[PDB]
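Below you will find one chain, with nothing else, as C-alpha cells; this is the form deposited in one PDB entry, and questions on how it binds or moves follow later.
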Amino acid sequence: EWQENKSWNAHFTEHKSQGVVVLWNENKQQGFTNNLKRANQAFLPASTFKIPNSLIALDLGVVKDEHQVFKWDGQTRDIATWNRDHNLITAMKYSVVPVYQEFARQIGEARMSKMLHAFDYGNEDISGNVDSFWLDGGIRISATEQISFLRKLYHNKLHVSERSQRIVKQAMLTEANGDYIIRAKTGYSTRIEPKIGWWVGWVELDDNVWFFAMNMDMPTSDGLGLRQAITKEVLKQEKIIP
C-alpha cells in the first residue's frame, strides 16, 4: 500500500534542503513517499489551513459566496497584495492572512473546534488564539493527514454542504492546461520551529487523480518557489505530468 523511495531525497538535498513528498494514486489506492517518518510528522498547517477555514466560513454563512468582497481594513501591511480588497478567490490566491483571521473570529472557538473534529483534521486542537492558532497555536497536521483530508474534499464527503466544497475547490484552482489541472494551497510556517513550506492538493487527469502533500525546510523566504518546483519535478519524474 505504501512504498518508500529514499532516492527521491535528491530532489531536496540538491537544493541544500530536506523535506518530504507524499503522492497518492486514487485509482490504485497506493501511496509513495521519500520518507515515511517525516510523512507522518505533524507540523503547523499555516496557510494550508485556509482550506478548512474557507469550508467552515462558507457552511456557516460567515462568507456568502466567492464574490463577496472583504474590504481592506486600511492598515498598511508588508505584503503589498494584502493592502487591497479581496474575495474568497483572491484571498486564497494571495494567502491573505488578515481576511482569514476575521473569518476565524466570526466562526468562534466552539464552532471551529467542532468542525475540525468533524473533518478529522490533524490533531483537531485549536489551543491558542482563535485568530492565529494555525500560525502559532497547538494545531498540527502531517503530510499523510493532509492527503486524507483532501481526498474527502475531492469526493464531497466532508460534513459540510456540497456547495461549500465545490466553492473551495474552485478557489484552490492553481494551474490548468490541456494535460492536467492542479488544485492546491501553499503554506509557509515561520513562528514555530522548524520553519517549513507546504504545498498540498491534487492533480486531475482524464482518468485518474493523484493527491500530493509536501513540506520542506524553509530557513528563509528565498526558497519558497521550491515548494511547487520540486513537487512538479517529482510529478514529472513519475510520469504523472509531462
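One-based numbering along the sequence shown.
The form deposited with a small molecule bound exists for this protein as well; it is not shown, and the discussion that follows is about that form.
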Does residue 32 make contact with the small molecule in the deposited complex, using a 4.5 Å heavy atom cut-off? yes
Does residue 4 reach the small molecule in the deposited complex if we count a contact as any heavy atom within 4.5 Å? no
Does residue 205 reach the small molecule in the deposited complex, with heavy atoms at most 4.5 Å apart? yes
For residue 177, is any heavy atom within 4.5 Å of the small molecule in the deposited complex, or not? no
